[PDB]
Structure formats: structure tokens, C-alpha cells
Amino acid sequence: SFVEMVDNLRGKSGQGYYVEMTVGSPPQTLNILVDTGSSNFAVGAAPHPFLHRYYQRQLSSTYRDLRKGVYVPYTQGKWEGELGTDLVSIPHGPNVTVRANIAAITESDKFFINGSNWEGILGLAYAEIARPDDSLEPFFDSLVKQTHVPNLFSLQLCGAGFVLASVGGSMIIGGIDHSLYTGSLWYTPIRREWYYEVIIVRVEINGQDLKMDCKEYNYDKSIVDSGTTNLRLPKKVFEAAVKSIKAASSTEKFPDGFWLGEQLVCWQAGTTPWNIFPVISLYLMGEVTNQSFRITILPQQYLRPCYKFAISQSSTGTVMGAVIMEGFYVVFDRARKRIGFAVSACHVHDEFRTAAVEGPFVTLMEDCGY
Ligand SMILES: CC(=O)c1ccc(Oc2ccc(-c3ccc(-c4ccccc4Cl)n3CC(=O)NC(=N)N)cc2)cc1
């Protein structure tokens, strides 16, 4: 039942949403980051200063070694581990147990986050981007193959709303919970099964079209990513967007470090002038040619709580992170190669504006992919 899965996500603002999982026999409880922008199930398996708990393979009767290492360097650090399999469950998820691949992290730097309360990562994206290669079956693929769970999951990320603020939400595995959204679910095609790749066809700031070639919005790629805090935009788009937001919020201005997402800006106890900041609409490619729909977010989404500007520049394409997802109920319909969006039952809004999902809008689109 989906009711058992409601509110199964927790986290600290800007530090990642996690779900409780167990690994091994007897079950070892760990908190695991939900990441739709990666494809490995990887868990701390050795002491680390930021780890209060870790996976202990020697304690599991059902652990099997694959005699294979994995090494993942990136700009700023790395994680390194040993591959194996073991029994895995999600206590507040489906009532099943799966033998899944596990990367046992033995060494790392700048991977784990101080105070985040998670000990591992659940990469929910596709095999193409799994490390060390695509032969390492991702967790969700194993789950679908070994059980009768439908090939679909959904995410309701709720944020904070009124120490780092606590965030919460729900991961519904194997279906759609109608109580978690209002109005209609609109679907955009998954362009290619690697990341959850999508196509943005139009973007406006307070109803004003940025008027760019739509290739620019997907310059390199556009993805839906629970593992990213910000709405990340390609250089040309970012600059165009901040110019427009600055103009709309001209009545009293802010320092440059704010717009660079580096330094905070404060008011006091419910005095925040939300109505000065514009709404942002992303138009996504629809299921039918010449047809699109829009998702509209509020400053409450893109000003992360004192606030930091949660829109930042990207060199790797558009990343629709928590900023975008927190307005909406997001369906990752893997079976039908599409991503659904609907207004979330939990999204933060005021008495003048709301997050919105609206369509259809006609856009004449196939060549917006880069
Ligand atoms: C607020 C919000 O929602 C939030 C905030 C902080 C978060 O913390 C982290 C922690 C570790 C990683 C990481 C290191 C190495 C990798 C990695 C890289 C290549 C292949 C496989 C992996 Cl595991 N990853 C995953 C990653 O790059 N994911 C993605 N870009 N979506 C990424 C993010 C997550 C979410």
C-alpha cells in the first residue's frame, strides 16, 4: 500500500533527501540519498569522520564478493570501493527484498556531507551511466526484475516551509498516489535512457519569454535530478535569467554575491517581500508534436532558507534540481519512457501565487535537443 510510503523521505535543507534502507543479514539500517542523476547503489563501508554508521560486510551472512573494484573521481574529490551483492530492503517501501549490487565505499574525499545524516546513495537513473560500466545493474532494474513491482516510481519533495531546516517528502515505489497531487499530471518524454533526460522548449520570467533558440535551453542536455539542490542553467540562459530577475526585483537591490549563489540575504520573521520576485515558467516538450506544457515555480522555491539564491550557472546543461522538484509531484514513468508533473499537495506558496502545471501550449520543437 502507498500509504506506508508517505513521508518516507527526510533530510537537511541543501544536504540531500534520504530514505531508510537495510542491507545484509541481519538487516543493517542505513540512511540512503535518493539520486535520480546517478545509477550506483553505493554505501559507506569503512570509518569516515562524517559517518556515524557504515555497512559492515563481515557482519552479513548473505554478502557475496564480486572481486571487482570501482573508482569514481570528479572535480573536487572521489569515492572508491569494492563491488558485491547482498540483500536489500526499504522498510517504508514495498514489502520485498532484492539481491542488489552494492559499491562498498572504502575510501573517499568530499563525498559524504557533515551533518547530512545519510550514509550512502541510491542512484535511480539508468545503466548507461553506472560505474564502472553499464554491465553493473542499477538497484531499480534489479527490483523490477526480481519482484512484481511496476516499472515506475514517484517523488514528492516538500522542502522546509513555514541548525539547517528539516526537509521531508515521499518516494512512492511502483505507482502513483493521488493524494499527493492536485489537478492534472502532464508528461514530457524521456529523450534517452541514461540520465532522466528531457527537453525544455520555452522559458519565461513573469510571463516574459527569454526569446532564445530552444537548443540553448538544452545546451548539452537537460535532466531531472533529485541529487542536485539548485536549478542549474547553461551560461547563456543563466545570464539571461538573472538579468530578468534583477529587473523584476529592482525595488531595493542586493549584492553581487547573492546573485552568484554564494552569500545570503536576510529579512526578519515573515517580512520577506516575495511579491517583488518574479515567477519562472519552464515549458517542457509534450507527448504530442507541436504540443508542450508549463511548470511554474515561485520565489519560495528558488530562494532556499535568510535565503540563498538557488539558481546557478552550469557547464553541463540544465539541471532541474530540488528547486524545481519541490513545487511538484514528479512521476518517473520508466515503463512508458516519460516524466509526469503535477502540482504538489505540499508545495510552499502564498495567498497571491501558486506553483502551477498547465497545458497544452502549442510550440512548433524536435530540434530543441542538443
Ligand atoms: C539538496 C539536494 O537535493 C542535495 C544536496 C547534496 C547532495 O549531495 C551529494 C553527495 C554526493 C554526490 C556525488 C558524488 C559523486 C557522485 C557520483 C558521480 C558520478 C557517478 C556516480 C556518483 Cl555516485 N555523486 C552523485 C552525483 O554526482 N549525482 C548527480 N549529479 N545527481 C552528489 C550530491 C545531494 C542532493
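Quick note: numbers on chain A are straight from Swiss-Prot, i.e. 59-220, 227-369, 380-438, 440-445, in order.
This entry, so its header tells us, was determined using X-ray crystallography, 2.0 Å.
The backbone N, Cα and C atoms fix where each Cβ goes, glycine too.
For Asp93 (among others), the entry in Swiss-Prot reads active site, with the evidence type sequence analysis. Sequence-distant neighbours of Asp93 (active site) (same chain, six or more apart, CB under 8 Å from its CB) are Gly74, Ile179, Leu180, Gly181, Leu182, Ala183, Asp289, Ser290, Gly291, listed in sequence order.
The Cβ of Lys126 (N6-acetyllysine) has 12 neighbouring Cβ atoms from other residues within 10 Å, across all protein chains displayed. Swiss-Prot lists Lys126 (among others) with the feature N6-acetyllysine.
The N-linked glycosylation site annotation in Swiss-Prot covers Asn153 (among others). DSSP assigns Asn153 (N-linked glycosylation site) to coil, not to a helix or a strand. With a cut-off of 8 Å between CB atoms and residues at least 6 apart in sequence, the same chain places nothing near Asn153 (N-linked glycosylation site).
Under 8 Å, Cβ to Cβ, and six or more positions away along its own chain, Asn172 (N-linked glycosylation site) finds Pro107, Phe108. Taken from Swiss-Prot, the feature N-linked glycosylation site covers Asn172 (among others), and the record attributes it to sequence analysis.
DSSP assigns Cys420 (disulfide bond) to coil in the three-state reduction, outside any helix or strand. Annotated disulfide bond per Swiss-Prot: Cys216-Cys420 (among others), in sequence order.
The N6-acetyllysine feature in Swiss-Prot is assigned to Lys275 (among others); the stated evidence is experimental evidence. Reduced to three states, the DSSP call for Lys275 (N6-acetyllysine) is coil.
Feature annotation from Swiss-Prot assigns disulfide bond to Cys278-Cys443 (among others). According to its DSSP assignment, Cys443 (disulfide bond) is helical. Every protein chain considered, the tally of other Cβ atoms within 10 Å of the Cβ of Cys443 (disulfide bond) stands at 20.
Taking a C-beta cut-off of under 8 Å and a sequence gap of six or more, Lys279 (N6-acetyllysine) has these contacts in its own chain: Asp442, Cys443, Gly444, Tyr445. Annotated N6-acetyllysine per Swiss-Prot: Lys279 (among others), in sequence order, evidence recorded as experimental evidence.
Taken residue by residue with DSSP, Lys285 (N6-acetyllysine) is part of neither helix nor strand, so it is coil. Annotation comment: Swiss-Prot describes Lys285 (among others) as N6-acetyllysine.
For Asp289 (among others), the entry in Swiss-Prot reads active site. Around the Cβ of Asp289 (active site), a 10 Å sphere holds 23 further Cβ atoms from the protein chains shown.
The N6-acetyllysine annotation in Swiss-Prot covers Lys299 (among others). Applying an 8 A CB threshold to same-chain residues 6+ apart, the list for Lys299 (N6-acetyllysine) reads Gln387, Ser388, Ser389.
What Swiss-Prot records for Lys300 (among others) is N6-acetyllysine. Residue density at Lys300 (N6-acetyllysine): 15 other Cβ atoms are found within 10 A of its Cβ, drawing on all protein chains shown. DSSP assigns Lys300 (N6-acetyllysine) to a helix.
Annotation source Swiss-Prot lists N6-acetyllysine at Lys307 (among others). Close to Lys307 (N6-acetyllysine) in the fold, though at least 6 residues off in sequence, lies no residue with a CB less than 8 Å from its CB.
Annotation source Swiss-Prot lists disulfide bond at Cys330-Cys380 (among others), citing experimental evidence. Listed in sequence order, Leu328, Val329, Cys330, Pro369 are the same-chain residues at least 6 apart in sequence whose CB falls under 8 Å from the CB of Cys380 (disulfide bond).
The N-linked glycosylation site feature in Swiss-Prot is assigned to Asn354 (among others). Cβ contacts within 10 Å of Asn354 (N-linked glycosylation site), excluding its own Cβ and spanning all protein chains shown: 12.
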Cβ neighbour count (within 10 Å, all chains shown) around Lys285 (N6-acetyllysine):
20
Near ligand 1, meaning Cβ under 6 Å from any of its atoms: which of the recorded positions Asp93, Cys216, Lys279, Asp289, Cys380, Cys420 fit that description?
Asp93, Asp289
Any idea what the Cα distance is from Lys300 (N6-acetyllysine) over to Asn354 (N-linked glycosylation site), rounded to a whole Å?
25
For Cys420 (disulfide bond), what residues in its own chain, 6 or more apart in sequence, show a Cβ-Cβ distance under 8 Å?
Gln214, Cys216, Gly217, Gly219, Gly233, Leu244
Name the residues of the same chain, 6+ apart in sequence, whose Cβ is under 8 Å from the Cβ of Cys278 (disulfide bond)?
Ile264, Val265, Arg266, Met440, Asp442, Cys443
